[PDB]
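Chemist: Same order as they appear, the protein sequences are chains A and A'. A prime marks a further copy of an entry chain.
Just so we're aligned, residue 1 is where the first sequence starts under PDB author numbering, counting upward by one.
Just so we're aligned, residue 1 is where the second sequence starts under PDB author numbering, counting upward by one.
Built from N, CA and C at the ideal position, the CB exists for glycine as well.
Protein chains: 2
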Amino acid sequence: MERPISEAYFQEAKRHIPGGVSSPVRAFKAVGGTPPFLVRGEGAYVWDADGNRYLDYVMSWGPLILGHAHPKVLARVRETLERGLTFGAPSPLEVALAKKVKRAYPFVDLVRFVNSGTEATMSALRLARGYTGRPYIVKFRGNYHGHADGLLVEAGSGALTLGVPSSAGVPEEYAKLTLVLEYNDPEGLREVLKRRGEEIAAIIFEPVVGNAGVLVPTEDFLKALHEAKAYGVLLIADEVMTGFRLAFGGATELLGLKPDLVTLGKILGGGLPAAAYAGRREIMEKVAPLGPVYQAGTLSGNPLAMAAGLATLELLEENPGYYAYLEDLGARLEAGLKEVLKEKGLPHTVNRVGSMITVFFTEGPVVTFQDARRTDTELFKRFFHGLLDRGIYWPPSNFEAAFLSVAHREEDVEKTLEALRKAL
Amino acid sequence: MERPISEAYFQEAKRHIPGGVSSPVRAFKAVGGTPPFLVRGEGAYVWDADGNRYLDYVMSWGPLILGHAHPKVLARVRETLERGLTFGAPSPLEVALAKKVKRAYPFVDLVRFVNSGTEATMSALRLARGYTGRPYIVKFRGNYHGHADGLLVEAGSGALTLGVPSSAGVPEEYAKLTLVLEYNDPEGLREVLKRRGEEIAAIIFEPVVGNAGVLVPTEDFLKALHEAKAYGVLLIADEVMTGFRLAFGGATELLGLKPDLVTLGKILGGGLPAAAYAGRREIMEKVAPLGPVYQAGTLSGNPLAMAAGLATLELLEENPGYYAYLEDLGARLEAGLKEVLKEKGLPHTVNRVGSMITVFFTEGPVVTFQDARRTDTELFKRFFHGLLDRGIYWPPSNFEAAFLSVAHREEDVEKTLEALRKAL
Ligand SMILES: Cc1ncc(COP(=O)(O)O)c(CN)c1O
Ligand SMILES: Cc1ncc(COP(=O)(O)O)c(CN)c1O
Ligand code: NA
Ligand code: NA
Ligand code: NA
Ligand code: NA
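#1: For ligand 1, any of its heavy atoms closer than 7 Å to the Cβ of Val114 of chain A?
#2: Would you say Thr121 of chain A' reaches chain A, if we count a Cβ-Cβ gap shorter than 8 Å as a contact?
#3: Please indicate yes or no: does the CB of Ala212 of chain A' lie closer than 7 Å to some heavy atom of ligand 6?
#4: When you compare only the Cα positions, how much space is there between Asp109 of chain A and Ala96 of chain A?
#5: Closer than 7 Å, Cβ to any Cβ of chain A: which residues of the stretch 94–114 of chain A', in chain order?
#6: Which residues does DSSP list as the beta-bridge partners of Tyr136 of chain A?
#7: Could you say if the stretch 110–124 of chain A' and the stretch 291–301 of chain A' meet the contact criterion of at least three C-beta pairs nearer than 8 Å?
#8: What would DSSP say about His16 of chain A', mapped onto helix, strand or coil?
#9: Could you pull out every unbroken alpha helix (DSSP H) segment of at least 4 residues lying fully inside the stretch 110–134 of chain A, listed in chain order?
#10: Any heavy atom of ligand 6 inside 7 Å of the beta-carbon of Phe221 of chain A?
#11: What is the rounded straight-line gap between the Cα of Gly197 of chain A' and the Cα of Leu316 of chain A'?
#12: Output needed in chain order: residues of the stretch 300–311 of chain A with a Cβ under 8 Å from some Cβ in chain A'.
#13: Where does the unbroken beta strand (DSSP E) through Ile236 of chain A begin, and where does it stop?
#14: Spatial neighbours of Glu334 of chain A within its chain, please: CB distance less than 7 Å, with the 5 preceding and 5 following residues excluded, ordered by chain position.
#15: Among A:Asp220, A:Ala212, A:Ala278, A:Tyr231, which has the Cα closest to the Cα of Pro396 of chain A?
#16: Of the residues A':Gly188, A':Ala237, A':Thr86, A':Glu154, which one's Cα is nearest the Cα of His68 of chain A?
#17: If you check the beta carbons only, do residue 445 of chain A' and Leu235 of chain A' fall under 8 Å apart?
#18: Give me the subset of the stretch 279–298 of chain A' whose CB atoms are less than 9 Å from a CB atom of chain A, sorted by chain position.
#19: Provide the residue span of the alpha helix (DSSP H) that contains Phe369 of chain A, from first to last.
#20: Quick check: is any heavy atom of ligand 7 less than 7 Å from the C-beta of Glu154 of chain A'?
#21: In its own chain, which residues sit with a C-beta less than 7 Å from the C-beta of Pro90 of chain A', not counting the 5 before and 5 after it?
#22: Compute every distance between the C-beta of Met241 of chain A' and the non-hydrogen atoms of ligand 2, then say whether any falls below 7 Å.
#23: Do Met306 of chain A and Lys266 of chain A have their C-beta atoms within less than 8 Å of each other?
#24: In the DSSP assignment, find the beta strand (DSSP E) that holds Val406 of chain A' and state where it starts and stops.
#25: Starting from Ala278 of chain A' and walking both ways along the beta strand (DSSP E), at which residues does that stretch end?
#26: Is the distance from the Cβ of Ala372 of chain A' to the Cβ of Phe360 of chain A' below 8 Å?
#27: When Cβ atoms are compared, which residues of the stretch 148–175 of chain A fall closer than 9 Å to chain A'?
#28: In chain A', which residues lie less than 7 Å from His16 of chain A when you measure between Cβ atoms?
#29: Closest to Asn52 of chain A by CA distance: which of A:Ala44, A:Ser157, A:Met1 is it?
#30: In chain order, which continuous runs of the alpha helix (DSSP H) of length 4 or greater are located wholly inside the stretch 43–109 of chain A?
#31: Using only the alpha-carbon positions, how far apart do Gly270 of chain A' and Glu42 of chain A' sit?
#32: Going by beta-carbon coordinates alone, are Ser355 of chain A and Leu326 of chain A separated by less than 8 Å?
#33: So is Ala69 of chain A' in contact with chain A if we call contact Cβ pairs under 8 Å?
#34: Any beta carbon from chain A within less than 8 Å of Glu314 of chain A''s own beta carbon?
#35: Can you tell me whether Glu206 of chain A' is helix, strand or coil according to DSSP?
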């Protein structure tokens, strides 16, 4: 496939933007080559600057469950923009979206909108610390909640669970209050609670991991997570990716979780920047202007984003069948991928939950981040480029979940399987 | 003025959103009363849910220098949205906006877009630490750069310059690497540099303060700031509010600053969420995917925001006369405010730079944050509500800069002065 115009844009972009991109992964470093510059999308398809059409499995990383440019969503944004792009004051739209969130998450009383997942998780952790008065927070390996300095940590090689800076520019002082545990390791979690559960303000986690590729929580891991609540620890379900996707009520609904706080985003904004943190009133009332935990956002609750999100959530709430459709299409893609890869004699493990799926190139099962790191990234490159050259746009990294949208059809899955049979 | 519908919305909002708002100041706590729910804007005017029209001096806190719903800006957004709301991949629009930023800021080589000012400053400080390898950063009293935990600090009462948490949920560990100095205190700054300039990674500051009301930097303070550069300290000009406003090249152009990094926002997005951090290549190349300083943003560089910002910056670059117009209108408002307040025998100090203005109710001059805190907030309430009841929407806090837009006219200023003559 030729993409001379994207090549020219990438070379030019590098002269004005670090690495030519606004976010690392978009640079294709993990797979090599030049990333296509996307300029248009419709349903499950996207077009690059050279006119090449691709079946899109990235879908802007999660917000597009209804597909690219859904007519109803765009109509709502069109109407809203005519009145003005921003006001910096209360809006009826914010109240409407907050109520929708509360319908999806019954345990929630109050919702605070912010501009990004990074801001949502940063605020939620601060809120947990403020509410409990405790200093420590727990995060799991392979999970990503944004780039707040205290979260840019990795496990240290010694007996301490304190994290160590995983990025330059992050002082040890900012990393020492974050404990790093292994995902799907209930024994390790129960042990940390026994050691110092009473000084941990919160445990944040992706209900179904996507940022290390898909990792599904075991029944016992979920049990241990809720056991932390007895220690006074606040459970924070980071549903920025799973929210409104695995079900209307996200992973919380699907898995029957009982979190103290939930962070939301992506689908929440229907394609435009929007995120939030929410929970019961006794915790949320600590947030300014009600309480001492400070958090602000000048352009938060943007009219267009609220409108796009409202139109999106209304459609999902109006069509519960969309989730069953995604589950069936996802089941077909998973079975198909296993069949094709088995026929090719390639080592593989396909993890999927609803519309989120990842192909790991290593013998199964893949349960922890350690397991995930065993994936053969060289084989992934072959898998990735084989698909891209045949008009199929998959996440440019093995440590990412691919996404299905209601716009994807059975024939799209079949074309994907066929492309693989010929590529590998 | 009656606003029964906004009253109903505010009561309902409080049931679903903390304090009924997405950002503290919008709750009117500093002035009392119910905040009007704004639903439409055009030029220098806005309308609330009850149909009341107001001359707008808030202008969504800075992005609307061209006024509400500028036709050319909306047209660009309309065109862009039809192609899709987000892609999560490189876009020609990002490259275009980055180039525009580089025209406004000649010293810049690379620009990285993020979703909010909070993310921009958080990233820039991390970048400075990564580049220098130093742990400490300096911020000034009254200056606000976002709610990153390390910035949520206030001066301590003792001899240490280390900040102390000013919000609940912020551990002492996160506050101890931020030094808090007084704005416009060159002697204090020179002293800190002598004490430990070699372990300070950066000094961040608002070139012209707005978040404590308008504070103008003295020639000597600006001199001391640049003197820090000789110590290896990176100078970070936070131009989220002043950028593209005081001049096309912001305060950097107006005051002839020589920063190492600049943070941008508000006007940069033309009304939609968008921000950035930028500087020369030797520093910016430390950012991922080029370097070890990590920062990401899934929905950064949103198509609609890039389009709105591009249309906005093109107009400003095409019309240098807009800045002279704002200066003249601002001069008229400042002179008028002094005249009216002097006639009323009220203590006052009016600070202004271009289109940014604040009325402090205390005898002048107001140079430091300490000076600013002397303002009579009770009198401000009278000033605020007197204006609001007469259709003039001023920032609902004395510690805020009011904004003029190219859409404001001489007659609007006169109506403001008249409203005050009758209100006070
Ligand atoms: C679960 C989760 N939380 C937070 C984020 C960060 O979202 P954002 O980049 O808009 O801050 C992401 C995106 N990788 C995510 O997947
Ligand atoms: C100079 C400056 N920097 C950063 C910010 C924060 O912008 P945001 O709320 O979009 O993160 C503000 C808004 N008060 C600001 O005035
Ligand atoms: Na360790
Ligand atoms: Na990842
Ligand atoms: Na002190
Ligand atoms: Na302020």
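Modeler: Taking the definition as stated:
#1: no
#2: no
#3: yes
#4: 14 Å
#5: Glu94, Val95, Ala98, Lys99, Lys102, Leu110, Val111, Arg112, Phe113
#6: A:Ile200
#7: yes
#8: helix
#9: 117–132
#10: no
#11: 38 Å
#12: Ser300, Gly301, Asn302, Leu304, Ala305, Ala308
#13: 234–238
#14: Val350, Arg352, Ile357
#15: A:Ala212
#16: A':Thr86
#17: What the structure shows of chain A' is the stretch from 1 to 424, and residue 445 of chain A' is not part of that stretch, so it cannot be assessed.
#18: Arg281, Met284, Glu285, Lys286, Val287, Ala288, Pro289, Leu290, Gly291, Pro292, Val293, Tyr294, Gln295, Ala296, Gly297, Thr298
#19: 369–372
#20: Looking at this structure, you won't find ligand 7 anywhere; what it does contain is ligand 1, ligand 2, ligand 3, ligand 4, ligand 5 and ligand 6.
#21: none
#22: yes
#23: no
#24: From DSSP, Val406 of chain A' is part of no beta strand (DSSP E); its letter is neither H nor E.
#25: 275–279
#26: yes
#27: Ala148, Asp149, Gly150, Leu152, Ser166, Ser167, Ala168, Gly169, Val170, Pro171, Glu172, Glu173, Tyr174
#28: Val95, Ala98, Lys99, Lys102, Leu110, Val111
#29: A:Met1
#30: 71–81, 92–104
#31: 14 Å
#32: yes
#33: yes
#34: no
#35: coil
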